[PDB]
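Q: Quick note, the sequences are listed as chains A, B, C, D, E, F and G, same order. Residue numbers for the first sequence follow the deposited numbering, beginning at 1 and rising by one. Residue numbers for the second sequence follow the deposited numbering, beginning at 65 and rising by one. Residue numbers for the third sequence follow the deposited numbering, beginning at 370 and rising by one. Residue numbers for the fourth sequence follow the deposited numbering, beginning at 517 and rising by one. Residue numbers for the fifth sequence, in the deposited numbering: 78 to 166, 168 to 240. Residue numbers for the sixth sequence follow the deposited numbering, beginning at 12 and rising by one. Residue numbers for the seventh sequence follow the deposited numbering, beginning at 2 and rising by one.
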Amino acid sequence: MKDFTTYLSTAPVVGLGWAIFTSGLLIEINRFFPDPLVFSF
Amino acid sequence: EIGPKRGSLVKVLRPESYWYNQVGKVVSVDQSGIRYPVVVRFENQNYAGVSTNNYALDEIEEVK
Amino acid sequence: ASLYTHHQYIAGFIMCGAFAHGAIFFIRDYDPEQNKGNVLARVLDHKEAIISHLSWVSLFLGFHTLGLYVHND
Amino acid sequence: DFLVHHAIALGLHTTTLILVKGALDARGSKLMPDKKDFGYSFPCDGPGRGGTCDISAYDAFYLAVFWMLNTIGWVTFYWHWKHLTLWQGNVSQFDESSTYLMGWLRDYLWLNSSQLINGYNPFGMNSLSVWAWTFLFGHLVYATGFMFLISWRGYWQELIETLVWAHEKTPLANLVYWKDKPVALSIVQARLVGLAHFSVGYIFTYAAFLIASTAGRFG
Amino acid sequence: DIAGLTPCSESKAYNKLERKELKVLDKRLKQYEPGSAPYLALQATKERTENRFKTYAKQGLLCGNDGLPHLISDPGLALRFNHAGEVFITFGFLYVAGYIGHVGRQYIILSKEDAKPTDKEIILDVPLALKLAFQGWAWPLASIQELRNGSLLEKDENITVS
Amino acid sequence: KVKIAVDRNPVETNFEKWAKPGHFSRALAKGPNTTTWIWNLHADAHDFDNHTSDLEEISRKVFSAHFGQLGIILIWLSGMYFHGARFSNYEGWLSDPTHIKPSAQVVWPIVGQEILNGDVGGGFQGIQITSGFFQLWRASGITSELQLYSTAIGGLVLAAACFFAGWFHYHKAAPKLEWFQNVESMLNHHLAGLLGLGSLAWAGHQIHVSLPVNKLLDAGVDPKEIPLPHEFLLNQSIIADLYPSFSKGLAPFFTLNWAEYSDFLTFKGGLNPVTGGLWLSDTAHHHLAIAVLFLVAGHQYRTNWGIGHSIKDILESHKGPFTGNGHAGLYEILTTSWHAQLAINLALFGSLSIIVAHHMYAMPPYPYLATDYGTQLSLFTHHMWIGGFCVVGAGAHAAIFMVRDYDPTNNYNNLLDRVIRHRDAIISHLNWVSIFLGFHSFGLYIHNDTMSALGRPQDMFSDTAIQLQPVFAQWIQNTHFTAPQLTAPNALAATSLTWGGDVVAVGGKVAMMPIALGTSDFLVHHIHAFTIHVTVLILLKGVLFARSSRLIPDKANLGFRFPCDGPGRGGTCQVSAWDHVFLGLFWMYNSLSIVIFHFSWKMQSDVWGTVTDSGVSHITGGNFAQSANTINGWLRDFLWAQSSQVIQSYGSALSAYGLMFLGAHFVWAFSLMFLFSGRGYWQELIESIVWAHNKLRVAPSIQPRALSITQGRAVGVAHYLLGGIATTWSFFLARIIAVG
Amino acid sequence: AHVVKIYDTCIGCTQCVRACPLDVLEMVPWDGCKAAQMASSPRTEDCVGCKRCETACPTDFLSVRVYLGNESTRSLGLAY
Ligand code: CLA
Ligand code: CLA
Ligand code: CLA
Ligand code: CLA
Ligand code: CLA
Ligand code: CLA
Ligand code: CLA
Ligand SMILES: CCCCCCCCCCCCCCCC(=O)OC[C@H](COP(=O)(O)OC[C@@H](O)CO)OC(=O)CCCCCCCCCCCCCCC
Ligand SMILES: CC1=C(/C=C/C(C)=C/C=C/C(C)=C/C=C/C=C(C)/C=C/C=C(C)/C=C/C2=C(C)CCCC2(C)C)C(C)(C)CCC1
Ligand SMILES: CC1=C(C/C=C(\C)CCC[C@H](C)CCC[C@H](C)CCCC(C)C)C(=O)c2ccccc2C1=O
Ligand SMILES: CC1=C(C/C=C(\C)CCC[C@H](C)CCC[C@H](C)CCCC(C)C)C(=O)c2ccccc2C1=O
Ligand code: SF4
Ligand code: SF4
Ligand code: SF4
């Protein structure tokens, strides 16, 4: 189990954790909140 | 005996070396009167791939 | 149009030649012992700082101009 | 004009970076400290220490010529399109179609090239045919420069050796012989000839398009 | 009404463009049944277009001679009028960018104080990265406190050839 | 002697080796001191020969990798079937193949993106596909989506089985070298079992299930009232009603009265007038014949029962007077080296892909495929590119074999030794042929350009002025047309309508019209021959000089993939065999681009279009013969006259093609940065940036180096090929979809 | 031909003489290193310039340098 969790810290932790998190965050923000061109001030 | 203590970290002062102003560990110091007897070893490799080099007594300074 | 294009291309080639001859000067006739500690030898001490800041400005302009153009596109 | 002015600033700072770096790091670097003892225009310092391809200041200037050509091409494209839309009373075309690159490629490179390529068609020819001919002549010179830029000397050296064997062991043509041994161009020479072909094509193609597109629909 | 522009609320080109898009989208409504999935998708797109035009307008955003909204970027010129929101709020990017930089710099310094810091780069220390990610919320305070102490830079320990 | 040598449990199944990323090579086990270690880890991940010298271990590794590839292909195939089952409009297209456009991809409405969901017709909106999957699903009977759903699920099950087979054969039951070296047994089972039984099973499927497409779907019967495929298999009366020979019931097959099966085993030379494709009965009779041919072909070699042949004996019994020994150690070469077999297999595989590209547009085999110009042009272009890439790979692996697995002891006076002996004569002759073809095939274009520019149109190589006609191809076309009257009496008509005189049209649009040849066809054919000769020159030179050249006599010991040999002898950059492949890749791109351009313009100007009562009108103005003789004609009437759809594509349904067009241009322009510059410049620039990071103490623990000399060339050629191919792709798709 | 030079920072590992493919460098005795031998280059006219000696040099910076110069029939690697 230690080898699997240490395998999960090379390339997935940076290319599928952060990428999926950041992409999903920006996409869900643009999905619930439609297209933002100003600070709505 | 003439060079620094074996195992002590030193600083290189050769202005044309890849480890200029760096810190390297002295592995051995020769006592035969050669031109460059202080042999040092560095953690980071150079452009060629080696990690050790030998310097003279004047181009070796103590760390900080 | 022909006059403007002609004069601008000529200016670009001459501007490249100026820096080329500056590099030729630094290699062929720059003796460091003559002008010790002056501005010419002083700008050479932080050449890494000068080159690095030029790299930052170029990366900023490239990233943002390309990004604004692709976003509008 | 905001984005185009920023593009001009980008080209200026990048060309200045290449030239200033090649000028300051001309007499030595950490990869090659004795560069000042090698002159100004040398091929490299072998494939050792990782490889030292294009390490001289001549090579740095060589790389900066492309950026200079790109920057001057951007400033002249901007000038020609703004004046091309001002001279025909359609100043609102560039102001609303110059923000996106597809608009640049459509309303500038594709729309203003309708009369240039129509210099000679199967229905005859006109005054613009000479410009149409040199418009393609520049493309051919540019493509020949890409050859000297991509392909390097060793491949060509072996090829020239095979041609030497062919001329020596052939009948009725072995009577003649070269006074000087044929050899491939050098590394520095190949960069210079490729740059010359690249610059000549870049200049001839744009001069043909500019004079033809302006002369073709205006006075 | 600055730099020769006009509010998006009183521009004919803005309304002309709005009606153009609402018409080109409405032209596709006749090709489908009034109660199916393509009809529902086209109706959702139409509602989003109307909302965007209303949202883009009446919010101080102004366009110029073509109905397209322009953005004021000079501070002072964007502060004297209600245009600070369009681009003067650069602090959002500066905050996220400094957050990323502080987290990476804290991970590089802490990992270097260990025997062979290399394999710690190709194989991340996830409990140390997650702890350092949630600890950098107040990054400008740490940056100003790490600058006055001189722990942000080096004096003269650099591989230079100058 | 042929047995099953297996070695059970040779490698454990744990994640211990997954922890250390660099473990296959003894050089990457030390860890990553410099950033070049990451690129070395990726570039050496599949070079099994560099992992060890154990041929048995190398063979086991490639045998498990094959199963992994099969699992990947099966997952992709199942995905296409599932997409056509759920996110498509196959049922709507099945009732109107001449008016509804295919679509099998729907996009979610996130940032804009609703515009891409184009109205394809039939109460559905999505991305229009050009893969031909709908035509393929039409050819073998498939009515509802439940069958596509079942095909997707069955393929996923088979994909999981293939992945399990790979793990099993590498960790639980690994074979041995004595098992892998049974080439006679492998050839016997691949010819008799794989190809032969595959054709026989497909013939059976076309004889029983492809029945709606050949008798009920083309007759105008609604797809819902068509009986299910199992009803035709079980009920004999329902199949006897369609074909009366089925009432005989295996009696004419076994009583040798095959003439009774003449209704569903026809030999009709032509296309179906209702669909546009070949006759299903003809394709079925075709598969039946192929199965018999391969089944009788798979009994040539001897394995364990005495009768048969020996490949070693057949090779050693071929010695002539002009080749010395000849085929002496070819068996030892082809049975102990994987690169030799890979080079032969890749060459024949790429050439086969090109054959597939030609025969598919020539004789369209799927219903309603010839009237779908988008899928037609797409399939031709795709198969051509795949074939060219494979031939360049063959030229690469031949040099890899010549550098690593070439022992100059088992080859004393054979064909390989004689070929390497007169390499200078071979390369010099190929060089001359290349130059001659270039002058005589490009100077004609430049000559027509100058003659048209100077106002002298009567002095150019054209049909009106001084012409050049391809009389040999005109005679072959005539021979194939009048061939079913004398040299093919049992054939109803010609095997294709390319050389015929009867234009077929389905839905008002032309399906397959006769093709004429003129001077421009002669000019473009010589252009194709010239580019093919330059590509073969670069590749063959690399293979023949990869061992040791007269300039660098120790090129074998230097390796296969090396930067150069220093700046000596004036300069020796890119003298390695790998560099020749890099140069070759460039020429293959330049050749295939002209090939696909010739195809697209010739089809759009001479075959495709629409037929009316007052003649047939092509897509373009029929300007292939009067505008292809000049270079300006191409740039003006092809790239500039076309691509206007790609240019004006903003805001429409095919708006992604304009973005892909501009995006592809950027990637190609980005390749030049990696291709013209060197490495010392980037290394010194990276040094300055390292100083900036050291000033703030953000120096990366793994020192950041520049790319390698071969890495920069590899990155540049990859970006160049990607940009150019994606540019032509976006242009072709947008033009043919918005026009055809 | 090319000019090859050997500096005093040599350690006498005899790797450049092994890497030279034209027999240009040699090892002469010396009294300034632990190995008591320093490289030399008597057959400089046979130098071709492939710079394999510089890649074989392990000390930093390189003790042997190959400065390219005029080209002859031998230094150009011509076989015709
Ligand atoms: C269209 C071709 C192209 C492009 C895009 C570039 C781009 C660049 N060049 Mg370059 N160059 C080119 C052609 C090109 N060059 C040619 C033909 C030559 C002559 C050989 C040169 C010679 C040259 C030199 C000598 C130098 C440069 C430098 C630079 C960099 C300048 C920094 C900058 O402007 O910010 C960035 C600008 C960009 C356009 C960034 C592109 C990346 C964007 C953001 C896309 C990101 C990808 C996206 C996230 C998806 C990734 C996933 C994908 C991998 C699947 C920049 C990345 C200078 C440099 O190094 O700067 C420090 C420099 O020294 N160039
Ligand atoms: C392969 C390319 C090619 C070819 C085949 C031709 C062919 C021709 N051009 Mg031409 N041209 C070309 C390229 C080419 N051109 C290019 C690139 C340009 C632009 C620079 C021009 C510009 C041009 C102009 C301006 C004109 C022509 C003209 C002509 C025609 C007569 C020219 C002439 O002097 O006769 C040929 C003279 C020869 C000496 C030919 C020699 C034949 C050799 C020896 C082959 C025969 C022997 C062979 C080796 C067999 C071996 C035998 C064995 C025993 C060894 C002719 C049909 C003229 C014309 O009016 O057209 C009608 C003309 O005015 N061309
Ligand atoms: C670098 C160039 C660049 C820039 C400047 C922009 C900028 C923008 N793009 Mg664009 N884009 C670009 C490149 C660029 N893009 C490229 C290259 C492409 C092609 C791939 C696209 C394709 C694209 C599309 C398709 C779209 C955009 C959209 C947008 C707008 C989105 C605003 C947003 O994201 O909501 C807000 C995002 C957030 C709030 C992120 C949250 C981050 C954290 C959680 C909050 C930050 C902390 C907070 C501020 C508190 C700090 C406290 C502080 C006060 C102290 C924005 C103005 C969208 C749009 O609406 O157009 C107008 C959209 O449709 N872009
Ligand atoms: C978090 C690490 C980090 C930090 C603090 C910096 C900081 C800096 N970089 Mg830099 N850089 C980094 C990573 C980093 N870089 C990486 C990974 C690369 C390779 C792609 C570069 C390549 C680079 C170049 C070419 C240049 C700089 C420059 C600079 C300076 C100008 C500001 C800037 O934003 O430039 C721009 C920074 C980038 C374009 C890099 C963005 C890529 C992301 C942010 C890096 C990913 C870091 C990672 C997530 C951290 C791991 C987190 C950890 C918890 C696991 C600045 C001090 C410029 C300079 O010379 O100084 C004036 C300059 O020209 N950097
Ligand atoms: C008549 C029996 C038979 C059949 C049908 C096959 C079929 C196949 N062999 Mg095989 N082979 C056989 C006998 C047979 N072989 C024998 C006796 C030997 C020993 C000399 C070999 C040694 C051998 C080697 C060394 C290799 C193959 C490979 C292949 C595959 C080629 C993939 C392809 O090109 O596309 C066709 C793809 C398909 C038709 C998809 C079908 C997938 C199913 C699951 C295949 C099942 C057939 C299987 C042989 C059934 C028996 C196994 C059973 C215990 C389950 C293919 C599926 C290559 C491979 O391994 O690829 C993975 C390969 O490297 N064979
Ligand atoms: C290669 C593929 C193939 C297949 C699978 C079939 C299959 C079939 N064909 Mg056929 N056919 C083919 C090709 C094929 N054909 C070709 C190429 C031609 C020439 C063009 C023909 C021409 C043809 C004609 C003219 C006819 C058929 C017919 C038939 C059907 C009955 C034949 C029969 O009864 O034989 C014998 C069947 C067996 C001996 C049974 C196999 C033994 C079973 C499976 C053993 C299982 C027992 C197991 C040990 C225990 C059971 C398990 C239990 C306990 C759970 C049958 C479904 C007839 C038809 O139309 O049907 C309505 C018929 O009239 N075919
Ligand atoms: C448009 C650019 C261009 C051009 C014109 C060429 C031309 C040529 N390449 Mg090339 N190449 C290029 C780009 C180009 N390349 C690029 C970008 C790459 C990188 C991948 C390469 C890589 C490459 C390789 C690896 C090789 C070539 C080779 C060749 C030659 C093969 C000769 C031949 O068979 O055809 C005919 C030649 C021509 C048509 C040249 C044009 C001559 C015209 C007709 C002018 C006619 C003469 C004129 C009338 C006289 C002018 C008068 C004046 C003096 C006053 C040829 C001369 C091969 C070679 O060396 O030859 C064996 C070789 O192996 N190229
Ligand atoms: C259409 C294809 C291209 C057309 C022109 C091809 C010529 C260019 C290359 C010729 C090089 C000559 C050196 C031969 C090298 C050589 O002599 O090999 C030796 C061979 C006889 O060798 P042996 O009998 O000793 O070989 C026996 C054992 O080696 C068996 O393995 O002689 C021939 O090849 C006769 C064929 C001459 C050339 C025929 C062309 C072959 C191309 C395909 C067939 C074309 C037929 C006409 C179709 C239109
Ligand atoms: C009064 C006036 C004004 C002002 C102005 C000014 C303030 C001025 C200026 C200006 C300037 C500011 C200019 C400039 C330019 C510059 C340049 C262009 C540069 C250069 C340099 C170089 C190129 C270098 C070379 C070299 C090298 C590399 C190194 C050393 C050596 C030598 C020197 C050779 C205004 C507008 C406000 C307004 C109007 C009036
Ligand atoms: C083709 C090619 C050659 C071979 C090129 C040769 C031998 C050029 C000579 C061919 C003829 C003689 C050129 C024709 C000369 C010009 C038309 C006029 C030149 C005269 C001016 C000086 C006035 C190289 O030597 C080479 C070297 C390094 C990188 C790439 C390459 C390369 O691509
Ligand atoms: C630019 C260049 C380099 C420098 C190349 C470098 C520095 C490689 C750059 C790799 C980058 C860092 C990979 C990651 C790319 C982006 C970070 C991806 C963007 C992802 C964002 C969303 C974060 C060479 O080393 C070289 C060598 C030989 C011939 C030509 C060249 C050459 O042209
Ligand atoms: S320029 Fe040529 S010889 Fe010099 S390092 Fe690069 S590839 Fe090697
Ligand atoms: S450059 Fe080559 S030939 Fe000259 S001394 Fe060094 S290894 Fe020998
Ligand atoms: S390789 Fe360098 S250190 Fe070794 S003997 Fe030669 S010159 Fe001296």
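C-beta: ideal position from N, C-alpha, C; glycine also.
1) Any chance the CB of residue 182/E is under 6 Å from a heavy atom of ligand 4?
2) If you run the structure through DSSP and keep just helix, strand and coil, what is residue 146/E?
3) When the distance is taken between beta carbons, is residue 647/F closer than 7 Å to residue 633/D?
4) In chain H, which residues lie with their C-beta within 7 Å of the C-beta of residue 49/G?
5) Alpha carbon to alpha carbon, how far is residue 589/D from residue 724/D? Give it in angstroms, no decimals.
6) Scan the segment 583 to 653 of chain F and note each continuous alpha helix (DSSP H) run of 4 residues or more that stays entirely inside, going in chain order.
7) At 8 Å on the CB atoms, spell out the chain F contacts of residue 4/A, in chain order.
8) Say whether chain F places a C-beta atom closer than 7 Å to the C-beta of residue 197/E.
9) In this structure, does DSSP put residue 45/F in helix, strand or coil?
10) Strictly under 7 Å for the Cβ-Cβ distance: is residue 704/D near chain G by that measure?
11) Can you pull out the residues from the segment 685 to 703 of chain F whose beta carbon lies closer than 8 Å to at least one beta carbon of chain C?
12) Using a 10 Å radius around the Cβ and a threshold of 16 neighbouring Cβ atoms, would you call residue 361/F buried or exposed?
13) Give me whichever residues DSSP pairs with residue 574/F in a beta bridge.
14) Residue 102/B and residue 119/B - do their beta-carbons sit closer together than 7 Å?
15) Looking at the structure shown, is residue 89/B part of a helix, part of a strand, or coil, going by DSSP?
16) Determine, using beta carbons only, whether residue 95/B comes closer than 7 Å to chain F.
17) Under 8 Å, with one C-beta from each stretch per pair, do the segment 684 to 697 of chain F and the segment 708 to 722 of chain F reach the 3-pair mark?
18) What three-state label does DSSP hand residue 193/E in the structure shown?
19) Where do the N-terminal and C-terminal ends of the beta strand (DSSP E) with residue 118/B fall, by residue?
20) When you compare only the Cα positions, how much space is there between residue 576/F and residue 349/F?
21) May I have the straight-line CA-CA distance separating residue 126/B from residue 62/G, to the nearest angstrom?
22) Considering residue 813/F, what are the terminal residues of the beta strand (DSSP E) in which it resides?
A: So, to answer that:
1) Yes - ligand 4 has a heavy atom lying nearer than 6 Å to the Cβ of residue 182/E.
2) Three-state DSSP puts residue 146/E in a strand.
3) Contact: yes.
4) Absent here is chain H; the protein component of the structure consists of chains A, B, C, D, E, F and G.
5) Going by the C-alpha atoms only, they are around 14 Å apart.
6) The qualifying runs are 588 to 617, 642 to 645.
7) Near residue 4/A (Cβ distances below 8 Å), the residues of chain F are 26, 29.
8) Taking Cβ atoms only, chain F reaches closer than 7 Å to residue 197/E, which makes this a yes.
9) In this structure, residue 45/F counts as strand in the three-state DSSP scheme.
10) For residue 704/D, the answer is no, since every Cβ of chain G falls outside 7 Å of its Cβ.
11) Only those residues of the segment 685 to 703 of chain F whose C-beta falls short of 8 Å from the nearest C-beta of chain C are listed: 696, 698, 699, 700, 702, 703.
12) Answer is buried; the Cβ neighbour count reaches 16.
13) None; residue 574/F has no bridge partner.
14) Yes, Cβ-Cβ distance for residue 119/B and residue 102/B is below 7 Å.
15) DSSP places residue 89/B in strand when its eight states are reduced to three.
16) Closer than 7 Å: no.
17) Output reads yes: the segment 708 to 722 of chain F touches the segment 684 to 697 of chain F.
18) Coil, per DSSP.
19) Segment 116 to 119, the beta strand (DSSP E) holding residue 118/B.
20) About 28 Å.
21) Cα to Cα, residue 126/B sits roughly 22 Å from residue 62/G.
22) Given that chain F is displayed from residue 12 to residue 751, the structure contains no residue 813/F and the question cannot be resolved.
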